[PDB]
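Summary of the model geometry
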Amino acid sequence: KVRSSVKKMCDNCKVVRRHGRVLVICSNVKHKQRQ
Amino acid sequence: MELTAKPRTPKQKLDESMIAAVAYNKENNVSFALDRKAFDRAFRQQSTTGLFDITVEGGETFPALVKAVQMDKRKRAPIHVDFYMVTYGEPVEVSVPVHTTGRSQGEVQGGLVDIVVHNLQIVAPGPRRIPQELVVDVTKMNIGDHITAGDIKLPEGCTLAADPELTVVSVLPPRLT
Amino acid sequence: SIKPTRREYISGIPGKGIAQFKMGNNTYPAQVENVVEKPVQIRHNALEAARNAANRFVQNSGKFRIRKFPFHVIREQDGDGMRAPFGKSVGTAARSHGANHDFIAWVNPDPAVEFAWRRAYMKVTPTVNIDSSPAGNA
Amino acid sequence: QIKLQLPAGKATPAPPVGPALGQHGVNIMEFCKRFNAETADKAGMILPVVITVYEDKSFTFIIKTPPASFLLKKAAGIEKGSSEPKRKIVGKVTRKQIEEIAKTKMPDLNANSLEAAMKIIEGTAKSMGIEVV
RNA sequence: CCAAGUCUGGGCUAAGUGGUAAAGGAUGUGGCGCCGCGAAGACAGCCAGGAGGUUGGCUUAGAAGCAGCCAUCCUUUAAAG
């Protein structure tokens, strides 16, 4: 969502690279981190 | 510890791995030697807070080390130091630190704290005669109290290259007293 | 570096209006602090503020000391339009000379205050440098 | 294999006792009438029960004794801590009184020694507001 | 395209950056120093208790880590959390 400025929720929410892209991931709809 | 050099070459020297640092002593000096790598380690210990020395040609294995210098530059990485020994029984200009503990008075009960514009202590005890680590803390802290020179409490070597009543270390309201 | 008309004819002799210096708590060794590298008539206000919000998030022991302070100021729109511009003051600060000793998070073991200041940098404006002092930070 | 927090002198409420026990294979009627025997003496204070069944659908087991918090308050003559610990300590006692109160608490205390007995009373004291001086 | 080495040497790119931009992010990648250890046989995997006085103070109508303001100690033992 935040497109710009993502940084680790749940004590897990991972750091993944898709299309060089960095989009938050972690066992929660409440983390759908993306930029 | 070691550190060499002394010719006439600061720029390149003042560059790479070797940082300038004069061979200062009462009566004589000698081109800057040392190195930007030793300074590290040792310095890292506690420059003018303890003391050692290095073996350059076994020349003169003496103490006194630094009485000036600076990591100056913006970056915060020193360059161009001062070095002076002391094989004499005159050692004065002696500035060694002083530590407390945490004695609970204004803190772990009043949350209050205390400024220590002091910390250090440039004095002059028994030349080549000082406990690299001297501690003194009669305790006390809180409300509008303060302690400084005057009182203090000096052991052995009776110097005080300093004065009375002045930046000792008081207790102020980290929030309110 | 355009600066003002004089220290007592245009606008010189103030308090600059702000929120004093020291906070946090002592600490003999532990060198915990902050400085910069950027040049900028440090935005007073912005300034004053900032630092403060700093205390807002911590509270007590961590040299919430801070070695800054503006003392001169700009000016602009007031009068005719754009031409022969007289001067109407507003917004003093101080030159953050391309880096230097900012404010200090100084204390034994109290990073609970390092993070703070941290929060203090975040804020600020001109980027900022996160750092330690003689020894580091314990 | 259940754990409850039933009241005293009231062994017939359907809202808590009903669903919490009936679905676990516990006869609500008979398990209740047995409480009217031991909770009748100390009626008025909430007493936690730990019922443990088997494979016959019965039993009652260990209910208790009572409180052990209010009798300590009767001796000292404080209901509650002053404010926040390590910030307003004002309740000092002595050395000799802390030495004898730990000699009876031994059954549920850490070890049967004398050095380990004085150390627990030091941890639960400073976490509240009773500094030893 | 338009004249002139698809020169040789040794690094770095895996985005077409080059072919305009800042605060700001992230085990990208390549090269440098630190703390702990692998036969008290180490981090991620897996077996288990997943310890007791901890069920302290404001507010309690509920702090009793898993409302929040202050504590932050003791332990009989495989250690502590």
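Per-chain numbering applies: from 1 upward along each written sequence, possibly unlike the entry's numbering, with residues missing coordinates excluded. To label them, take the chains in the order written and letter them from A, then take the ligands in the order written and number them from 1. Note that these chains sit within a larger assembly, yet all values were taken from the shown part only. Processing note: side-chain calculations cover all non-hydrogen atoms of the structure and skip hydrogens and water entirely.

Going by the header, the method for this PDB entry is X-ray crystallography, and the resolution given is 5.9 Å.

Observations regarding the interface of chain B and chain C
Contact with chain B, which involves 16 residues of that partner, is made by 15 residues of chain C. Of the roughly 1,300 Å² buried where chain B meets chain C, counting both sides, 53% is carbon and sulfur surface. The term buried area denotes the loss of accessible surface (1.4 Å probe radius) that occurs when two parts are joined, taken as the sum for both partners. Interface area lost by chain B to chain C is led by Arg-76, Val-116 and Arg-175 of chain B, which between them contribute 35%. Within 3.5 Å is the distance limit for a polar contact, defined as a pair of N or O atoms, with the added protein rule that one can donate a hydrogen and the other accept it, and that residues adjacent in sequence qualify only through two side-chain atoms. In this assembly, chain B and chain C are joined by 6 residue pairs in polar contact. Classifying every residue of the side of chain B that touches chain C gives 8 nonpolar, 3 polar and 5 charged. Note on definitions: a residue-residue contact is assigned when non-hydrogen atoms from the two residues lie within 4.5 Å. Ten residues, namely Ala, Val, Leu, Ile, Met, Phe, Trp, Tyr, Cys and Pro, are considered nonpolar, four, namely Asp, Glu, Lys and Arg, are considered charged, and the remaining ones, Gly among them, are considered polar.

Considering the state of the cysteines
Each disulfide consists of a covalent bond between the sulfur atoms of two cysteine residues. Residues and elements named next belong to chain A. The disulfide criterion is simple: two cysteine sulfur atoms within 2.5 Å. Within this structure, the stated rule accounts for 3 disulfides over all chains. Put simply, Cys-10 and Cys-26 are joined by a disulfide, and their sulfur atoms are 2.0 Å apart. Of this pair, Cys-10 sits in the segment before β1 (17–18) while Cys-26 sits in the segment after β2 (21–22), placing them 16 residues apart in sequence. You'll find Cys-10 and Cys-26 in the same group, each marked buried. The helix count covers DSSP runs of H or I at least four residues long, the strand count covers runs of E at least two residues long, and both are numbered beginning at the N terminus. The buried label applies to any residue whose accessible area, calculated with a 1.4 Å probe on protein chains only, is under 20% of its type's maximum; exposed applies above 50%, and partly exposed to all values in between.

A few points about the environment of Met-85 of chain B
Residue and element names in this part refer to chain B. Turning to its location among the elements, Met-85 is positioned in the loop between α1 (40–46) and β1 (94–95). Sequence-wise, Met-85 and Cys-158 are 73 residues apart; in three dimensions their C-alpha atoms are separated by 23 Å. Setting aside anything within four residues of it in sequence, one finds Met-85 in contact with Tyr-24, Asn-25, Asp-53, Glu-60, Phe-62, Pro-63, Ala-64 and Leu-65.

Topic: the nonpolar core
What makes a nonpolar core is a set of buried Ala, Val, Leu, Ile, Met, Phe, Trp, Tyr and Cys residues whose side-chain atoms join them at distances within 4.5 Å. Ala-54, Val-58, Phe-64, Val-113, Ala-116, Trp-117 and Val-128 of chain C are the most contacted members of the largest nonpolar core, which has 17 residues in total. For this core, the secondary-structure elements that each account for two or more residues are β1 (32–35) and α2 (114–122) of chain C. Take this core: its biggest share by element is 4 residues, from α2 of chain C. Leave out the neighbours within four places in its chain, and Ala-116 of chain C touches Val-58, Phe-64 and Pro-111 of chain C. By size, the runner-up hydrophobic cluster in this structure holds 14 residues, among which are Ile-2, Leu-21, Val-26 and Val-53 of chain D.

Regarding the packing of aromatic side chains
Stacked, tilted and edge-to-face pairs are distinguished by plane angle, under 30 degrees for stacked and over 60 for edge-to-face with tilted covering the rest, among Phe, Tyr and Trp rings (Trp via its six-membered ring) whose centres lie within 6.5 Å. A full pass over the atoms with the stated rule returns 10 aromatic pairs over all chains. For the ring pair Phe-103 of chain C and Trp-117 of chain C, a centre distance of 5.5 Å and an interplane angle of 50° mean the geometry is tilted. Pair noted here: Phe-103 of chain C is in strand β3 (residues 101–104) and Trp-117 of chain C is in helix α2, with a separation of 14 residues, a long-range link. Across this residue pair, the class does not change: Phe-103 of chain C and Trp-117 of chain C are buried. One aromatic cluster in this structure is built from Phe-39, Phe-43 and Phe-83 of chain B. Ring-over charges, as used throughout, are those where CZ of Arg or NZ of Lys falls within 6 Å of the ring centre and within 35 degrees of the ring normal. Here the basic side chain of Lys-26 of chain B rests over the ring of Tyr-88 of chain B, its NZ or CZ set 4.5 Å away from the ring centre. Here the guanidinium or amino end of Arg-51 of chain C rests over the ring plane of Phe-21 of chain C, the centre of that ring lying 4.9 Å away.

Here we look at the pairing of β1 of chain C
All names here are of chain C. Side-chain alternation along β1 places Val-32 and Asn-34 on one buried face and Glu-33 and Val-35 on a second face that is also buried. Pairing between two strands is assigned when DSSP locates at least 2 bridges connecting them. Inspection of the sheet shows β1 paired to strand β4 (residues 129–132) by 4 bridges, in the antiparallel sense. By the bridge assignment for β4, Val-35 is matched with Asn-129.

What about the domain arrangement of chain D?
Residue ranges labeled as domains rest on an automatic or database domain assignment. Taken domain by domain, chain D holds domain 1 (1–64) and domain 2 (65–133). Domain 1 of chain D and domain 2 of chain D are separated by 33 Å when their C-alpha centres are compared.

So, the protein's contact with RNA strand E
All names here are of chain D. Definition of nearness: a residue and a molecule or strand are near each other if at least one heavy atom of the residue lies within 4 Å of the molecule or strand. Inspection of the region around RNA strand E gives 28 residues, with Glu-84, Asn-110, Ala-111, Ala-116 and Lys-119 positioned closest. Of what RNA strand E places within 4 Å of the protein, 73% of the atoms are sugar or phosphate. Between RNA strand E and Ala-111 there is a distance of 2.3 Å, counted from a sugar or linking oxygen to a backbone nitrogen or oxygen. With 7 residues, the top contributor of residues to the surface near RNA strand E is helix α6 (residues 115–126). Along the lines of polarity and charge, the residues of the surface near RNA strand E split into 8 nonpolar, 8 polar and 12 charged.

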